[PDB]
Every structure is written in structure tokens, then in C-alpha cells.
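Below you'll find the structure, written out as C-alpha cells, and then a few comments.
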Amino acid sequence: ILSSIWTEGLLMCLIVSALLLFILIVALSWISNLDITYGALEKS
Amino acid sequence: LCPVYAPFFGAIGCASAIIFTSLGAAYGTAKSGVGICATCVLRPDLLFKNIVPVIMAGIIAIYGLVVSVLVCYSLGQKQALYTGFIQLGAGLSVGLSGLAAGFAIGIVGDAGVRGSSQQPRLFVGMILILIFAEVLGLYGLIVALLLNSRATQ
Amino acid sequence: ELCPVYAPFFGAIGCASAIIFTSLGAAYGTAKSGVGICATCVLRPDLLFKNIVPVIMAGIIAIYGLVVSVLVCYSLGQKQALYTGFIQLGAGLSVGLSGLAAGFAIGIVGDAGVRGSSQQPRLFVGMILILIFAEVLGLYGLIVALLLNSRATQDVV
Amino acid sequence: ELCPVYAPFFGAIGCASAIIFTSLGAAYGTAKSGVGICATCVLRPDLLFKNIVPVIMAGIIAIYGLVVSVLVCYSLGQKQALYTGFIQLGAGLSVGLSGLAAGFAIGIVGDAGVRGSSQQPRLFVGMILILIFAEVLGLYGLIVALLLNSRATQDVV
Amino acid sequence: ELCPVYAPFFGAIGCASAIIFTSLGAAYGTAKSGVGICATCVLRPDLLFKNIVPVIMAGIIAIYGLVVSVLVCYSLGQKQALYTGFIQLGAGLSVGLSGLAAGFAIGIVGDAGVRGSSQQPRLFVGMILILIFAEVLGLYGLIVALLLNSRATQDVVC
Amino acid sequence: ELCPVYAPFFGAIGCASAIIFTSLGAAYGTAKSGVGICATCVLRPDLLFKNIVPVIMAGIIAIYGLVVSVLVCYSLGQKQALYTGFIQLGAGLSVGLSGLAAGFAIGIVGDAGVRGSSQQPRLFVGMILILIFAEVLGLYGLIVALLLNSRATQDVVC
Amino acid sequence: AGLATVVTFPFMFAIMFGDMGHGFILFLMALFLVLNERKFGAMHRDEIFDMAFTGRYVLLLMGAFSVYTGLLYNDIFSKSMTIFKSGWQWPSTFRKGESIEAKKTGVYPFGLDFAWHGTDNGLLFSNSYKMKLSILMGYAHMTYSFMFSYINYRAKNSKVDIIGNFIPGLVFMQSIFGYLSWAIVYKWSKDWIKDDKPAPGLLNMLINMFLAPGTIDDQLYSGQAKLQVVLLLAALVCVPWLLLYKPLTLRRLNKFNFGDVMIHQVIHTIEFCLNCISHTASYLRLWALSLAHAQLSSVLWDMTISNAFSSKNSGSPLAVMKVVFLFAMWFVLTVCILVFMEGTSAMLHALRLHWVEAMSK
Amino acid sequence: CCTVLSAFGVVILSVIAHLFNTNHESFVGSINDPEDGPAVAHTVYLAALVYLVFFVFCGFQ
Amino acid sequence: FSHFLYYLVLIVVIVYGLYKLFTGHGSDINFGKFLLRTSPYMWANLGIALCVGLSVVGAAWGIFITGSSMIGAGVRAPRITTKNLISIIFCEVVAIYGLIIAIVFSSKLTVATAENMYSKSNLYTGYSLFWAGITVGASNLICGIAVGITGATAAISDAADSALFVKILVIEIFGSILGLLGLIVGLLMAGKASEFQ
Amino acid sequence: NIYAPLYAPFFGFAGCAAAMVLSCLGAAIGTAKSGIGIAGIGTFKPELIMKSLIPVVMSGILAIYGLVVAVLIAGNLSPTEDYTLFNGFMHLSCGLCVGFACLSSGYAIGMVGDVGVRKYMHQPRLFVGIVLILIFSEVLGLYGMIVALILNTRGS
Amino acid sequence: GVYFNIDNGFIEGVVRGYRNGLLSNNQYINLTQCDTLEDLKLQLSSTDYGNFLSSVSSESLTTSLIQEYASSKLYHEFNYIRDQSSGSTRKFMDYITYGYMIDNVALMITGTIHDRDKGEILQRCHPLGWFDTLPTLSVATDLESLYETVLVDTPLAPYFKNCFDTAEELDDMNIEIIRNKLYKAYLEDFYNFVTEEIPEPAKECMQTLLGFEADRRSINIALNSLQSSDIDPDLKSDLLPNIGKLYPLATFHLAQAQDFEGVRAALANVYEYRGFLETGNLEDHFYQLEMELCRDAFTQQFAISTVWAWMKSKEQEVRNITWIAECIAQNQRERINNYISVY
């Protein structure tokens, strides 16, 4: 057996849910860096 | 052969197929909608022809919705790891593809609707660029709908 | 084995995250597009009651989270299957992390739109049209979570 | 069981860490004070051997590590208790991460005092008076590790 | 048990560290002070072989690392005590991560000293004085590592 | 028990590291100095071949890594001792992470040296001397790894 | 190039947009503009409706071919048509809920067969059919538009351009992908079950034709191993010939920049030999978007009106307002997605298949 | 636009009700399909009449 | 804060490895048994999905890099906006590479019998499809970004002078070698891999 | 066989992927960063562009360096033959010592051959020195390919 | 260059398009062959200036109206590029205009000491350096009541850190000191902004373009202090910026430079500024070196320093057109080819 706590199925759920959470953190850091061009909305 | 943790991957694939696709569609709607709102304060008659990038970003989210619905009709309590990881792959494919296609449509769309108000010949240019970025969601949808057909065989 | 003891953990996280991340999305949509209302209704306050539509369409995302949180909450149990917990985790994340995106889009489009609608009054219809495409993202997440939650306890053992 | 095989690991890490972090603190305290000296006496080079006090007081807190990293080194055996390794690690960290703080304080006060003592001649007494409070930090860490190391092999079995 | 199979790992990464972390401090003391020589001797090139003392004192600590790496290398064996591996790791870290500090100090002091010794020539004897204190920080680590390495295989058994 | 099956992993990554980090340092030393060569030989075309000595000086670092990695490669075996893998890992790190240091030092010294040597012709000898003091770090790493690699397979058994 | 476009652009559209229901809707909303072209001509047209009315005859053909091809498929709002006699019969006596196969009686007369509709492995057969359909129609479109280059070089009276570009292009294209398109038809022609022979894989036949020549694991025809070597040599001899004929015979006729001709012919050779592979795999979007249209029209029907069909509460007001609301929700989703925001994508993909895959030969 | 949707609601639902009435195998022939044909045809034909009411009412607009 | 987590995970890995190694149980951190006992369908499906995902995130990356600068450079010179679309096309072909490799890989994805499930061949064809999906998706990612950068420079040098686009299209050709080389290597890696049996 | 376990092709296909991905990463950095400098001088003296395509060609050779070793690792991998863990570790190392070698060589070519091409529009005598520094920065990947070939022939 | 075109894709390609409208050497020779300001207008109408003087019609056309409208379209192009900017780019565009805000402050508070009317001392102000409380600098005389009333809400407020108001209100001698000290603190802050948040290809070629501004301002302060200033070097060293290539060794010798030779021997030790003070027009030497530093900032592609390198080159273009139109209107043609063209 691989382990009793860190079994064959838990340890490859925590790789899938680490890859997906990595893609999520990257995509949320893309959307967090999204700013509005305010000079093209004002009168000045 | 069909363990107890096997519908985790299918449920998280059904999750990610709409999550990453809606993140990409939200970036493609928001960033290209800033360009619509910035463009149409000095030339407002271009408002309903500049609406194409948010429509294409919505088509991306429809492509993700299709995969999420078609994955959640094949989930069961006692499915194999084969079905689970193939639903996971069908989720990841359309997730990364809709995310990439939505980022590309968002970054091309605001630049296109800004160049279209200065030069009128750039409307056909931005449409022909955004059609290449639209079908990348189709390129993930193909792998998602092919891995869906191999779910229970 | 089919119904373990740690199985309500994923169901409780799915009940929590559906309201947590939609409250984050609705909070960003209220916040970013309410700064624009408070900045552009110091000069033209006559259109204060029509700039409120980004805030309302942001607050619909929290109701999308609330419905799925109640429907996951009334399916939790002590001896539920691990399948039920996985489906409730997926339905919680499918509403939460999609309504977070919808709320980001509503906040960005609303702040960019209520600032440009005071200089050009014809941009309001375009703002509403873009915000409908931004709100159907959270609506699609609601559809995915309802189709999961109908599948949650159907043929469970 | 009381004296395992992996017991000299903590003593060797303590003997290294006693001199490693005091060398880092002394390096910071020498580096910033040397930049302050070499930038303050291109105009008044008569204060060259007068302003050497921050470099000396930063070099003393490395001798503070050199004392305890010899007194820990001469109590390292193959068959030593794990209690001895734990105390030698605590002593090495108590000198090291306190002399690192003392070196940070001496390095900031040193160049802040030698860049200003070229203007006011009686800021030198205040600079020494603040650097004494910055160097008793390393002295306190030395006292803590010398009280630890007098107990690492007192009543061990 | 008392001399396990993984016991030469700590001795090998103590032989390696005593030149790695020493040479990447000697490289800082060479580079950061050499950009201060090459930027100063464009106007005072007669001071070229006098301002190069920070580079020499940064090269001395790499020899301090080399001696300890050779003495840890020639005490490695296939069947050695784990105490010997711990002591050699401690000696390697004591040389490397303190010669890194001595190299940082020589690098920061040396370019500040050679850029200032061309405006005032009476700052060279102050640069040497600060730089001896900056350079003895690696000699202290060499003393600690040699006193460790003399204790490595003294009363080892099994 | 003493020559396990996973034992050539450490020798394999030691043979890899002596190319990886050494070519990374040599690439830094060629790139950052070639920026200065191409930036100063715009108005000083005749000094174009005197300024290659930082780039050649950084290429000798990659030659140092090449020699030690080939000499480790010709001692990897299937039924290899774990001591031998530990020694080859130490000898790979000792060349790689010291040639990276020497490459950092040559890359930061050499561009300032070719920028100052176009302005002052007597700074060239000082540049060459500082580059010798910077290359001797990677030479020290090669000395440590050649003295270390010669001890792999001396008294190995089982 | 807009004189072969007049049929091929609506037809390459219809291969991607294949349905008699959506095709009749698009034909009807095009024929509404064709019959009312006098009232709409003397009218101010905004840009979207000017685009839609300038092409009121591209959409009439795009509907008229979509009805034809969705009668070739059995796809009428993603349903089948039991018009002809089937080539498959199902067994009469079988247990409920078990997996059964059908026995082949004959072949279906016109179009695809309707016993593939509610079928587990029907989608595998539709994948094979539509992939090979896209390969053969892309081959036909490319070898039709490649003859126009020969007609151009013949009208310019340039035999140097013919022998330098057309012939080494023709016997490079036809010796690889003409052979693939022939091999698909020849595998369809043989039975492979009555003969008790293994059916060859055509992907790893073209993989092994370039890697391991002469080694045939599953024999597809007699004399395969020695004819594929001849075709491989005929394809490999035209990589130096198309690159070296024209510059070396323009240089010989000067006894003019030889660097501007040799580099241009190297770029032309690299581009053409790249594009012969890169376009026959790019015509598989005719299968991609057709699969997408068929599966979306299936899973919209199954979510909207498959829920409205129930034999309980027959004649009840709730059970008939259920059908009314679900038909309205189905129809607005078909019109909004599967016509306007799906056929526009099929239109643009049949457009880029002309702009790149056809207007570069 | 309600008259177009109502005309398609007449035509499509009338064809669907006729295909349920005649027990066509693309609508009844599966196990997941409804069992009784004319029971579904009776509630689809009334919806066809409802859309015909909408088509006649919006046809005089 | 991310550097704090990078240091914390490193400290936890070092403390766990040294605790597991000092107590004579250091072979319990067993990466080989982890590779032997995880399901090959994870590696296969993950390789297919990351192939078609990371080809598209490079294709879409290059599309916006040489699309936004094409539209910016086309404001004064609108005679580039159709000719220069081949720079969109060269960074778009790296997605069809990953697509036609993902479908060929998914053809090797059948149901293996449970008695021979963690066999030699079934585990081989999980490893091969995993790394041959990675080496195609990452290569098409990097190729799409490189072709997008060298097309964004070409879209501005085209608007500068018309005779420069022909000279800088060659850099896009040398940049688009890379995705085709990844296309070759990912087919050679899963060339001898059989189906799941 | 205890010397040839069934997880050994993991480290061989990892060697394939590390030999291809990092070498084409180095080749792409080397062609993109240098194409920036080549196109930057597109207006100022356009006649020096076709002469300056050498740091693009020498960057593209770094992908051939990874291609050769990726083919030679993938040719030693078969599900029917025995495959030792020694062979898998050796293929991991020979892909890993060519991937970062070509990555560093591509970073060096990209940083040298755009600054050189960008300063070459002022001084036309730079070109010999530019080509020389590109040769010294391109043999960095040749060293790693030599180590990878010797290591492949040793490990099999 | 991998993350540049997210927010700066459209911005660069239009500025790169604006670069192609820079007049080349042949387009300057075709302007020096003109005989009338009307012929120069019609020659500029074939360039990318086309029909910018269309509302003038040959009668009110002077050589200052050309400098007005040619710079006005520069300012409107800068505002169009700034309106499409967001994030760090928009902040970089604001930091460019801060140096014009400083000049408009120092030009507005000299029009009140001389009691010139407020409506005519504002048409001479710079349009890019506009802040909303710029006309309200005509309310007080001393520095403290102009800071604490007006200049606190301005973004020039962190730059009043060393301006010591000794309750002497204002002459013309200390407004130049306040101007130089505000520009000193501004050059410090904008160099730290470029070093901090601007990415690496647009960092090294912007630190040089900004250190050149600091070196030119240091030489101009240390050389204009000979004739119309009698100040101590300890008070003169607060006016010299410390970011440049010239600071740590040469601005010390420029601080105690009491004579012209104290400047010349100080600038003989620096390598790229030696020979400027020997022969020729010094202002032409600085403008030529400015254009040679702006030319090789267009040669790096994915950089936001192309905006700075564009607007300084376009300002030099407006200066060259103004010099030519001044030569062909006053009938002096002995130095008509004194323009500066690196494009």
C-alpha cells in the first residue's frame, strides 16, 4: 500500500484540485489586473 | 475498479468546465466593454456594431455550459475511474480553451473597437481577428465532446 | 464505505462557498460600480435612480448564491453518501466561482458605463446590453448547479 | 532512546547557526557603517578613526557567535542525548537571531550617526550611547546561550 | 543504525556547500567592488593596482572555502558515522553561509571605499581598516569549521 | 541495501546540474558582457577583439562544467553505490552552483570593464586581473569536484 | 475566385450547418428578403441589415443547400426522417433493457440511415463519416482550385511557371493526399468482413508510408508495399524540383535578381509543402462545426421539449401550458443560438476556407 | 414577432402531435419515450390550437 | 506573501523529509509506488486535456499580442489589416496541432480490464500520453507566444514600410518551426504506446 | 526484475519532454528577443536586416539540438522491451542537461543578438564581433547536446 | 514583451504610427526650399500635418500661429493616447505632465509679481500642464499662502519638501529657485517611479532619457548661476538633481563652480558631455543628444518609453518647423539648416 492516510486516491485528488486551483489563481490574477481607462470617460 | 472517490473528478470537471469558461467570458465581456464605453462617448452611433466582442464572449460561456450539462448527465455514484478522469479531461479542455479564448477576445476587442472609431476600415479587421480567437473555444469543445462520447463504453 | 463519516465536509464547503464567492462577486460589483455612481451623481444627480442597475444586477448574483446554498443546505445529512458531498461541492463551486466572474464583469462594466453615460446619454442602452451578457454568466452557473443538485440524491445507496 | 542516532544533527545545526547569523548581522552592521564612513569623510577625513566605533561594535557581535560556536562545538559527541542537541540548537539560534537583530540596529544607527556626526561634533556621544543599547541585544543573546549551554550536559543520562 | 547508508549525503552536501555559498559571496565581493574599480579608474588609473585590494580580500574567502571543502572531501567514506556527516554538514554551512556574509560586506564596503579614495587619498587606510573587519567574518567561520572537522572522526565507532 | 536501485538518480542529477547551472552562469557572463561590447564598440571599433575576453572568460566556465559532467557520466553505473551517487551529486553541485557564481561575477565585471576600457586604455589590465579573480571561483569549484569525483569508487563495496 | 464561390461557399456552409429545420428557417428568412427586394432597395440600410440585404442571395443558397444536406443527414431539428426503407433491422424478441445490435439487410437509398438515431455507437459512425467527408470535400475543393493556377499560367503562356510550379505541385498533392482520398473510397468499396481480412487503419498507413516504407502490417490492396514506395519517391522528388527548377532556368535564360527569385521559390516551396498538410487538416472544421451543430441541436431538444412530452394529465391546462412555455423557450433558443449565433460562425468558417484554403492555390 | 413564433407553433406542434398519434418510432419508440401516443398527442394538439389563437390574434395587428 | 508560502512549503517539505529519514522510515516517501499505484487514466486524460489546453493558451496568447498591435498599427496605415493576418494564422496553427494530437491520443483511450490494469503496457501508455501531451501543449504554448511577439513586431514594421513585412515574415517562419517540432516529438513519444487493455 | 520496475518509462518520457520543451523555450526566447531587435532597426537602415538574421538561425539550431535528443530518447522506449530504472534516470538527466543548456544558450543569444543588431545600425564594423559572441553563446547548447548524447549511449 | 500588449497593445501601435509622421531629412529639405509661409503650409499639408492650418487662410498666418497649432495637435494626440491608458501607463502619462505643471506654476506666479493680467499670462501657459487650480495661483504672493491654499490638492504637493519660505514673499530671484527645486524633487520622484513600477525594457532606456533631463538641467542651473545669481554652493546643491549620470562626482564640482572654467573642467571628466562647452551652440548640442537618445528608444519594441521618445521628438519637430518658418518669414536664410533631424 502507498499509505493509510495519504492513500492512492486522496493524493491524486489533491493533484487535480491543485492544478485546477493553480489555473484558478492565475485566471483571478488576470482578472484582478483589469483597469478602466478613465480619461476616455471624463469631460476634461 | 469503480471506487468511492471516482465521482470527485467528474463533479469537479463539471465545475471547472463552467468556472474557467465563465472567467474567460467575464474577462472578454468586461475588458471589451470598457472599450465600448470609452469609444461611444464621442462617436455613439457605433454602439451596436461594437457589441460583437461581448457576444462572442457569451458564445464561449455557452460552449462551456454545454460541456457542464453534458458531463452532469453522466455522473453516478458507482462510476469507474475511467469515466471520472474522462469527464475531468472534458472539463479541463473546454475550461482552459474558453479561458484562453475569452482572454484573447477581451484583449483584441477593446483595441478593435478603439481602432474602429479612428479608422472605419478596422471593423472588418477586428472581426476577422476575433473569429480566429472565437474558435479556440471550439477547439476545446471538440476534445470535450469527444471525451464525452467515450464516457460509458 | 459508500457513505463515509467525512462525507458532509464537502457538502458543507459546497453550501458555504456558494454564498461566499457570490457575495465576493456581488460585493465587487456593488463596490466598483457604486464608486462610479457616487462619482458621477455629484454633477448630474437626476440620473441617480437609473445608474443603480449595475448594483441591482450585481445583487442578483448573491441571490443566485443564496438559492443554491439553501438547496444544498436542505440536502445535507449525517449519513449522506460521498457522492452527495462531491456533487454539493461541485454545485457550490459552479455557482460561486462563476458568479465571482459575473460580479467582476458587472463591476467593471458598470463603473466604466455609468461614468460614460453622463457624457453620452445614448451609452446607457449599451451598458444595459453588456450587463445582460455579464449577468447571464452567473445565470449559467445557476443552471449548472441546479442540474448538479437535482442529480445529487437520485439513485444513491 | 534518550540518545538517538540523529541527535548530533541539532547540535551541528546549532553550532553552525551560532556563527552564521551573527556573521550576517555583523556583515550588515559593517556594510552600512562602512558606506556611511566612506561617504562621510571624503570631506572631513580627520574623523576616520573616530567613526570606526560602529564597525567595531558590529564586529563584537560576531565574536559573540564565535564564543558559543566553540563552546557548542566542544560538547558534540556521537552518543549524545537529544536534550543536548535541542539545547545546542536553542543556544545557536539564541545567539544567532539576536546578533542578527543587533547587527541590523548597529548598521542603521551607525551610518545614521556617522553621516550626522560630521555636522554636529557632539552627536558622537549620542551615537555611542545608542549603539551600546543596540549591542546589548547581542550581549543578551550571548547570556541566554551561555546559560543554555551550561545545562546541555548537566544531569543527562 | 549508527552508521547508516544515507550518512555520506550530509557529508557530500557539506563538502559542496562550503564552496557553493562561499564562492557566491566571493563573486558578490568581486563584482560589486569591480564595478567600483572600473567606474573610478577611468579618471585615476594610477590607483588601479591599489584599489584592487577589495577584490583580493574577496578572493581570500574563496580560498577559505576551498581549504574546508578539501578537508571535508578527504574525510568522506562509504561507511562513515552519521555524526561525521552531521559535523561535515555543519562545517560546510559554517564556512559557506558566513563567507557569504563576509563577501556581502566586502562587496558593499569595497565600492564605497574605492569611489571615495580617489577624492580623498587618506580614506584608503580607512577602507583597509573596515575591510579587515569585513574579511575576518569568514575567518571566524573557517575557525568554527576547522574545530568541527577536527571533532568529526575523533571518537567515532561502528 | 548498500547499492540500491534508486542510487544512480543522485549521480544522474549531479551530471545534469554541472551542465545546467554552469551553462546558466556562462550564459549570463556572455550575455551581460556582450551587451557592453556591442554598446561600446559603436564608437570604438578597433577594440572589438580586445573586449571578447569577458565572453571567452565565461565560455571557459562552461568548458569547466562540460569536463566535470563528462567525467561524472563515465562513472555512472546500474549497480552503483549510493555513496557514489551522493559524491557525484556533490561534485555536480560544486561545479554548477560555483560556475553560476563565477558567471555572475564575470558578467557584472566585464561589461563595466569594457565600458571603462573604451574610455581609459590602462584599465584593460585591471579588467583582465579582476576577471582572473572572478574565473578562479569556478576553477575552485572544478578543483573541489575533481578531488571529490576521484573518491567515488575507491572503497565502494556490495 | 468569386465565380466558384457562388456554389462552394453556401455548400461548405451547409456541410457545417446541416439541418432541414434550421436550414428551412434560414431559407425562409432569405426568401422573405428576395421576394421583397424592391421595397428594401429604396430604403436606408444600417450596417448589419445592409450586410444581410446585400447578401440576400448568399443566404437563399445557404438555406437551399442546408435543406439538401440535412436531408442527407437525418437531422430535422435533431430528429430522424423515416422516409426510405432502412438497411438495418432490429431483432424482434429481446429482453427489456439489454444492449442489442442490428443486422444489415441492405443499404439506405438517399442519405444517412435513420437507425443510427437513438444509438450508443451511432456517434462513432457519424465521426468516421463526417471526418472522411471533410477530407474528401477538402481534397476536391483544393484539387479543383489548383487547376485554375494551370489555366492562369497557360493564359500567361509561361511553360516555365507550369513545369516549375503546377506539375511538381500536382504530383506532390495527388501522390499523398490524393492517395489518402482514394484509400478512403477503396476502404469503403471493400467489405472486409465477408473477405475475412483485417480492415486497415488509414492514419497509421500514412504515418508508416513516410517512416517505414515497404512494411505493410494490414494490407489494403495487392501491390501496396511497392506502389507506396513509388508514390513516396514521386512526392520526395518534387521537394527539390519545385524549389530548383524555376530559379535555375530563369538564370539559364540570361546567358534580374537571382537572390529575389531563389529566396522567393524557397519560400514558395516551404509554404506550399506546409499548406498541403496544413489545409487538409484545416478542412476538418467541416466535421467540427457539424458535430457542434448536431450535438447542440440534440441537447437543446432534450432539455426543452423532451421534458414537455408526457402521457399523464392529458388535456390538463397545466400540462398544455407546460408544452406552450417549453416550445417558446426551445424556439427562441434555436433562433438565437443555433441559427443566428451558430450559422454566422459556420458562414465565417466557410469564408476562411475560401480565403485561405482555396485562394492560395 | 409573436406571429412568426405562433405560425411555427402551429406547424411544428401539429406535426409533432401527428407523429405522436401515429406512434412514430422517433418519438415513442424508446423506453425513455412516453408510453401512450395519443395521450401526448392530445396535449400537444391543444398547444397547437393555443398557438393558433395567438397567430390569429396577432395576425390582425 | 507568495514568497512566504514558497518558503513555508519548502520548510515543511524539509522538516517532513528529515523527520521521515531520521526515524528509519525514509523509504515511506515512495514516489515509485506512487507512480505504480495511481491510475493510468489520470495521466492519459490529464495529458490529453493539458495538450489541447496549453496549445490554446499559447495560440490565444499570440493572437492578442499580434492582434492588438495590428489594430493599433492599422489606424494610420489600414492597408495592413488583411495582408498581415498571416501572423494571426501562424500563431493559430499551434492550436490545430494540439487538437489533432489530442484526438490521436484519445483514440488510444479504451477500457482496460481490471485483472491487467496496472500492467506494464497500460502504465506505459499512461506515462507516454501524459508527457507527450505536456511536450506538445507546452511547445505550442511557447511557439504561440514567440510567433505572437514576432508578429507584433512585424505588424508595426509593416506599417512603417511595406517592404519590411517580407523580411520579418522569415522570423515568424523560424518561430513557427517550434510547434511543428513539438507536433513531431509528441507523435514519436506515443508512437509505440498501445491502447488500454 | 528489481532493476527494471514498471514506473521507469515515466523518467524517460520526462527526459523527452524536458529535452523538447526547455530547448524550444530557449529557441523561442532567442528568436523572439532577437527579432525585436531586428525589427527595431526596420526603419533606420532597412538594408541591414537580411544580414542580421543570423541570431534567428542560430536560435533555431537550438531547437534542432533538443529535437535530436528527443528523437533519441523516444527511440529507446517500447512497452514490450525491458527498461531499467537506470535507463530512465539517465534519460531524465540527458533531457534535463540539454533543456537548460539550450535554454541558457537561447537567453544568451537573445540578449546578445538584439543589442548587437540594434547597435549595428550605427557601426557597420560590429558584425564580426556580433557573430563571434553568438558562436561563443551558441556552443553552450552544443556542450549540453554532447553531454546528452554521451549520456544516452552510456545509459543504454 | 510577453505581458505588454494587454493594456498597451493599442497604445504603442498608434504611437508607432505617430512616429512615422516624424519628418525625415528630405521632408526638412523640402521645407527649407519654401519662399512663403503659405508655401510652407502647403508643403506641410502633404505630410501627416495635413490641413491643420486650414482655418487661417493666408492672411493671419504668422510664424507663431504655426508653432501654436503644430504643438496643439501634438497636445491633442498626447491626450488621445493618455485617454486610452490605464493602470501604470496612465500614471506614467501623468508623471510626464507634472514637469509641465511645474513650468506653468513658475510662469503663473511671475505674472502676478509684475501685475500682468491673468487672462494673458494663461494663454502663454502650457496646455499639457493643466491642473484645475492653475488660474487661482493669482491670489497670493508668498510661497506659504500659495502652497497651503492652492498647491496642497495638486499632485505637485510632495515636491514642496525643501522650499524654505523665510517669509520673504516673492521676487524674480527665488521663483527660479522654487522652479529648479520642484523640478529637482520631480526628477527624483519620476526616476524612482520608473525604477520601481515600469517594466525592464522600458526601464533602462527611460532611466537614460530621464538622467539626460537631469544632467541638462544640472548644467543649465550651474551655468546660468554665473551671470544672474550670487549664491552659496551649499544652497546651490539643493537645485541639482541626483539621479543622473553626472551626479556623484561632477555635480559637486558644478556646485562650487564659480567661473566658466569651473563648469568646463567639471564637464571634461564626464565622457559623453565633454566637448559640448567647447564649440558651437550648447542648446543645439543638448537637443541633438536628446534626439540621439530618443532615436534608439524606438528601436526597443515593447516599451512604454516610446511615448516619451515620441513626444520629445515631436516637440523637436515643432521646434524645427518653427525655426524654419521663422527663417522663411524674416528673410534670413544663413542658418535655415540649423534644424535637428535623426529620423
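Simple scheme: letters A, B, ... for chains in C-alpha cells order, numbers from 1 for residues in each chain, numbers from 1 for ligands in the order shown.
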
**OP:** Looking only at alpha helix (DSSP H) from DSSP on the backbone, list the matching residues of stretch 65-246 of chain K as a PyMOL selection string.
**Re:** chain K and resi 65-83+88-108+144-147+172-197+201-224+233-236

Need the shell around residue C:130: protein/DNA/RNA residues with any atom at most 12 Å away, counting only C-alpha atoms. Skip same-chain ones fewer than 5 positions apart. Format as a compact mmCIF listing (two decimals) with C-alpha atoms, in the first residue's frame?
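Generated file (part09.txt):
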```txt
# COMPACT_ATOMS: atom_id res chain seq x y z
CA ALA B 25 -16.12 35.10 -20.76
CA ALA B 26 -16.16 37.66 -17.93
CA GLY B 28 -13.86 39.11 -22.56
CA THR B 29 -17.04 40.95 -21.61
CA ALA B 30 -15.52 43.40 -19.11
CA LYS B 31 -12.31 44.38 -20.92
CA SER B 32 -14.05 44.75 -24.29
CA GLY B 33 -16.98 46.56 -22.65
CA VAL B 34 -14.62 49.16 -21.25
CA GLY B 35 -13.59 49.81 -24.85
CA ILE B 36 -17.24 50.12 -25.92
CA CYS B 37 -17.99 52.59 -23.13
CA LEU B 47 -22.62 51.30 -30.21
CA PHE B 48 -24.47 48.32 -31.69
CA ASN B 50 -19.09 47.29 -31.46
CA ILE B 51 -21.24 44.83 -29.45
CA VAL B 52 -19.71 41.79 -31.22
CA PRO B 53 -16.85 41.01 -28.71
CA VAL B 54 -19.23 40.59 -25.75
CA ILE B 55 -21.49 38.41 -27.94
CA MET B 56 -18.53 36.18 -28.85
CA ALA B 57 -17.53 36.03 -25.18
CA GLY B 58 -21.10 34.94 -24.44
CA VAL C 53 -28.85 48.96 -12.40
CA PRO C 54 -25.21 47.69 -12.11
CA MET C 57 -27.60 43.21 -11.37
CA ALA C 102 -20.05 37.63 -13.33
CA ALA C 105 -17.65 41.78 -15.09
CA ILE C 106 -20.68 43.66 -13.72
CA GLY C 107 -18.46 45.86 -11.53
CA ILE C 108 -16.01 46.69 -14.33
CA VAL C 109 -18.73 47.30 -16.96
CA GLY C 110 -20.88 49.30 -14.52
CA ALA C 112 -16.97 52.08 -16.99
CA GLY C 113 -20.56 52.66 -18.08
CA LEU C 123 -24.46 54.77 -23.92
CA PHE C 124 -26.97 53.69 -21.24
CA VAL C 125 -28.72 51.18 -23.52
CA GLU C 135 -25.26 38.60 -15.68
CA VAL C 136 -26.06 35.52 -17.79
CA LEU C 137 -22.65 34.14 -16.72
```

Determine, for each residue of chain F having at least one atom at most 12 Å from an atom of chain K, the closest pair of atoms and their separation in Å to one decimal, counting only C-alpha atoms; order by chain and ascending number, as JSON lines.
```
{"residue": "F:39", "atom": "CA", "partner": "K:296", "partner_atom": "CA", "distance": 11.8}
{"residue": "F:43", "atom": "CA", "partner": "K:272", "partner_atom": "CA", "distance": 11.5}
{"residue": "F:115", "atom": "CA", "partner": "K:271", "partner_atom": "CA", "distance": 10.9}
{"residue": "F:116", "atom": "CA", "partner": "K:271", "partner_atom": "CA", "distance": 10.1}
{"residue": "F:118", "atom": "CA", "partner": "K:271", "partner_atom": "CA", "distance": 10.4}
{"residue": "F:119", "atom": "CA", "partner": "K:271", "partner_atom": "CA", "distance": 7.5}
{"residue": "F:120", "atom": "CA", "partner": "K:271", "partner_atom": "CA", "distance": 10.4}
```

Original post:
Could you pull the residues within 10 Å of stretch 144-158 of chain G, counting only C-alpha atoms, minus those fewer than 6 positions along the same chain, as a ChimeraX atom specification?
Top reply: /G:1,4,138,164-167,169-170,173,354,357-361

Original post:
Which chain E residues are at most 8 Å from chain D (counting only C-alpha atoms), as a ChimeraX atom specification?
Top reply: /E:1-2,82-83,86-87,89-91,93-94,97-98,101-102,104-106,108-109,112-113,116-117,119-120,122-123,126-127,130,133-134,137-138,140-141,144,147-148,151,155-156

**OP:** Tell me, as JSON, numbers by chain, which residues lie within 10 Å of residue K:213, counting only C-alpha atoms; anything in the same chain fewer than 3 positions away does not count.
**Re:** {"K": [187, 207, 208, 209, 210, 216, 217, 218, 241, 243, 244, 286, 290]}

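Using only C-alpha atoms, one finds that the residues of chain K close to chain J, at 7 Å or less, are residues 298, 299, 300 and 301 of chain K.
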
**OP:** Check every residue of chain A for an atom within 7 Å of chain K, counting only C-alpha atoms, and provide those that qualify as a VMD selection string.
**Re:** chain A and resid 35 to 40

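Here atom CA of residue F:103 is placed at a distance of 20.8 Å from atom CA of residue F:40.
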
Subject >> Within 12 Å of residue F:100 using only C-alpha atoms, minus same-chain residues under 2 positions, as number ranges by chain >> reply: E: 20-21, 23-25, 27-28; F: 17-29, 58-59, 61-62, 64-65, 93-98, 102-107, 134-135, 137-139, 141; J: 104

**OP:** Please identify all polymer residues within 9 Å of stretch 16-24 of chain K, counting only C-alpha atoms, omitting same-chain residues fewer than 2 positions from it, and present them as a PyMOL selection string.
**Re:** (chain I and resi 72-77+156+159-160) or (chain K and resi 11-14+26-29+47-49+77+298+306-307+310+313-314+317+341-343)
